[PDB]
Every structure is written in C-alpha cells, then in structure tokens.
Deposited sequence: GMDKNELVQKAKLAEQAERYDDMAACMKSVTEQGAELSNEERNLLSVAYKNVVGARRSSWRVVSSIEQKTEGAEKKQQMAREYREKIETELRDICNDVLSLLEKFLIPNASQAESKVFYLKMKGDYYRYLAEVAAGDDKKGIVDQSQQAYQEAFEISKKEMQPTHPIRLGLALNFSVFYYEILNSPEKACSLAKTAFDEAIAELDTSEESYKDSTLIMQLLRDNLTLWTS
C-alpha cells in the first residue's frame, strides 16, 4: 500500500545506495499499477534490472567456466554444476519477471515508437539471456523468441526513427551480437552492423556523442569479426 510517486522516489533512493533488488521491486510495482511509464520511469526500470540480472550473468559466466576447467575431481565438478544451477534459476526468474512485465504492461501500453522499440529490444535482450543458459531442449525456441522480438523492434525502428537515434543503433548493436554469439551467423551479424553504421554515417552526412559511441562499438565489432 504505497503510491506511484513514493515508489519512484524509493527507486531513486535505492539506486543511489546501490541496492538494485530494492530498486527493481519498486519499479516492478510502479509498472504493475498499469499506466504507461514515462521516460523517467522506464529508464529507472531498465537501470534496476540491467544491474539485477547483470550480477547473475556475470556470476554465471564465472562459475560455468570454472566448471569447464575442473576436469579430474569427480566432486569438484559436481559442486560447480550445482552452483551454476542455483545461479541459473535465480537468473531465469529475473528474466521471467521482466519478460512478463514486458508482455502484460510495457509493450501493450507504449504509445510512441521510441518506447515500443526500446521495449521490444529489451524483450530480445532478455530472451537472449535465457538462451545463453538454456539446455538444448528449449534452446532453439527461446532463441526464436529473441530473434522474433529483435526483428519486430528492427522493423519499427527502420520505419520511425533516425538512423542515428541511439535506441535504433543500440538495437542494431544488440541484435548483431545476437546473430554472432547466439545464432552463429557471422555474416548476418556483419551485414546488420555495417548497414546500421553506414546508414548512420549517411544521415549525419546531411546531440550525437551518444550515437557516436555506439557507432564505434558497432565498428569495433566489425573489425573483431572479420579480423
């Protein structure tokens, strides 16, 4: 029993104190009240979750790897598996919250293209994270939902946003990394990223420090990936 402003203010407090689970529980409730998030509220929800899920992925990547490199001890390699499993389920829960928030509230309520694209991209990111950690039975289907969502995002951004809008460019960045690291299609990763970099070069050839940072990241990927 707390009101939307109060929730938003608590979220900012939690953000400051680096308490992101708190910050996420706050903005999850704001979202659950059913009204379309302003830019400010959407950004706070994104921040919270990016940090809440990112601590887990990072933890996962470490434990998983230790489990790869533990080849010998019959137990040393079971405890690491079990610990990976606990972390994975914490992670699957986090994505499943977010994905559900997206499906029930954020996408259906988005009145503007920029926010549609942002939420769709986020749905692509969060399925991507579930794909990372899926055992191959449900791993082709999660992978499809990721692509499906990034594709929808890409469609709208191509129609409604400037090639240099940072949300469109971040979408191209994430989706091209998806192609390369998840779907193993280096040529699809490459063409997406080159065409997004070139289109953004073309429209500027006619506030862009942020756009520009993303253009560099796409470029860096390109040169890494042709190598």
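Mapping the modelled residues onto the deposited sequence reveals one missing stretch, at 207-209.
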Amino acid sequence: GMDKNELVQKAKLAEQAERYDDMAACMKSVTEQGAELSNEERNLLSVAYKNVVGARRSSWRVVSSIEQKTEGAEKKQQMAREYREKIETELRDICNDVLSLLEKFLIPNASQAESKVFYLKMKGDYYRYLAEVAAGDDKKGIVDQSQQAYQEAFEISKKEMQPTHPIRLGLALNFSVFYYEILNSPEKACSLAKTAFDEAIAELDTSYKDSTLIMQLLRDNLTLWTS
From here on, numbers count along this sequence of modelled residues.
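Each form is matched to the other, and the largest set of C-alpha atoms that superpose within 1.5 Å is called the rigid core.
In 8 other deposited structures of this protein, superposed by the rigid core, the C-alpha atoms of 74-82 lie farther from the shown form than the other of 74-82 and 124-132. After superposing on the rigid core, the larger RMS C-alpha deviation in 8 other deposited structures of this protein belongs to 196-204, the other candidate being whichever of 30-38 and 196-204 remains. Look at the mean CA B-factor for 131-139 and for 99-107 in the entry; the higher one is 131-139.
Look at the C-alpha B-factors of 67-75 and of 120-128. On average they run higher in 67-75. The residue among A55, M27, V177, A202 whose C-alpha atom has the highest B-factor in the PDB entry is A202. Ranked against the other modelled residues of its chain, the C-alpha B-factor of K188 as given in the entry falls in the highest third. In this PDB entry, the Cα temperature factor of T31 sits in the middle third of its chain's modelled residues.
Residue-level temperature factors show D210 in the highest third of its chain, judged at the C-alpha atom. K158 sits in the highest third of its chain by CA B factor, as recorded in the PDB entry. Among the modelled residues of the chain, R168 sits in the lowest third by CA temperature factor in this PDB entry.
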